[PDB]
Structures are given as structure tokens and as C-alpha cells.
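One chain comes next, on its own, written as C-alpha cells: the form deposited in one PDB entry.
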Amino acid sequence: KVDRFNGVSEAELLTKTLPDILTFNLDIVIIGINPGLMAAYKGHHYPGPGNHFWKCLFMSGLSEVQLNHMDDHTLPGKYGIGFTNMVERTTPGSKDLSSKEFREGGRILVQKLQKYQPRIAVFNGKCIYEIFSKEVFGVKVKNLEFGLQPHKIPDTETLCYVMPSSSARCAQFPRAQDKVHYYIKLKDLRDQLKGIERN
């Protein structure tokens, strides 16, 4: 046996959830798939020592310094960034989640986005946008692409932006460096929106 959670069982973590960090007037809401074990353990967003989220946020220039999971509550006020997940239930990986859980998450998610109305809904993972698109827009494309989506959240001006998951489980974008392009394009989209709005 290997002690990964400082004496806390995996079974206890599987019962924990991760709070949303949402406010009104946000530029960005990072939508994770669900909490992984370390996120359920810490009660903070993307604490995975290998998770690329905080590294990509810094390397892209979305944060001026390298931040970590303990900084997640400062993001709404300082950077205009919030957090939620498509699915509430904690699991080791995306593969443990059922189609029903994802669709229930999708309905709750669109209601949250319609309430907070961030400038950009950022899907941190292709898999959750695949479900969201079919469920909310009734659209299923053969080749779903990353980046800006051609659909706004219904009854809002909220854009949908898709990125490969920040999880290092994903072999197709093996390093933080391979995902940073999407974070840079996110920053550019944010800056472009703030330019049009300011007169």
C-alpha cells in the first residue's frame, strides 16, 4: 500500500465534493469535468502536482506570477476568473463517470451559466463539451474542435470555449507546453471582449 492522501482513504474522498467559486461579472469560468481525488482532498481547484492548469495559467500570461490551488479564491476579484465542474461527484478519472451523470451535470451547468453569465464559459476538457453541445444545442459534429464554439449559452451573451483537459492523464498533449496555446488564445479572446465593451 502507498499512502497518497496523508492517511485519508480513497473511499472517504469519493464522498467529498468541491465548492464552486462563482460571482457575477466574471470574464471567465473554468468548467472542470469533476473533482479528482486530490481536489476532493484539498477542497481547492486543480491541486494535482502534475495538473497543468496553474502552470498554463501562468505560462499564457493569464496570471503575472505562478499561482497554485491555494490561490483559487483570489481569482474572481484579481483576475476575473471563476470555477465550477460539469459533474459534482468525485472520481479518480473522467472514465468513471456515466452518460446520465454528465447529462444531469449539463442541465445544472447551463442553469448556473444563465445565472452568473460570465463573458466566457471555458470547458476544461473536450469530453464535457461533446455532451454539453448535444444536450444544450442539439448539435453533434463528426469533428468537434477546440477553441471558440459557434454557440452562445441560451438567453445569454456567454461564449463557449473548449480546451484539452488540464489533466496530465491526457497523452495527446503530453506537457503543459502543449496546452498553453489554448490558454493564450483564451487570454486574447478575453482582451478582445474587454476592448469592444470599453466603449
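Just so we're on the same page, rigid core means the largest C-alpha set that superposes within 1.5 Å between forms. Residues carry their position along the shown sequence, with the first being 1.
The form deposited in another entry is left out here; the points below concern that form.
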- Which residue, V139, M70, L148, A168, is displaced 2 Å or more at the Cα between the shown form and the other one after superposing the core? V139
- Message: Please state whether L97 has a C-alpha shift of 2 Å or more between the shown form and the other one, with the rigid core used for the fit.
- Response: yes
- Check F53 against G93 at the C-alpha atoms and report closer or farther in the other form, compared with the shown form; the change is 3 Å or more. farther
- Note on the structure: Working note: in the other form the C-alpha atoms of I120 and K95, off by 3 Å or more, come closer
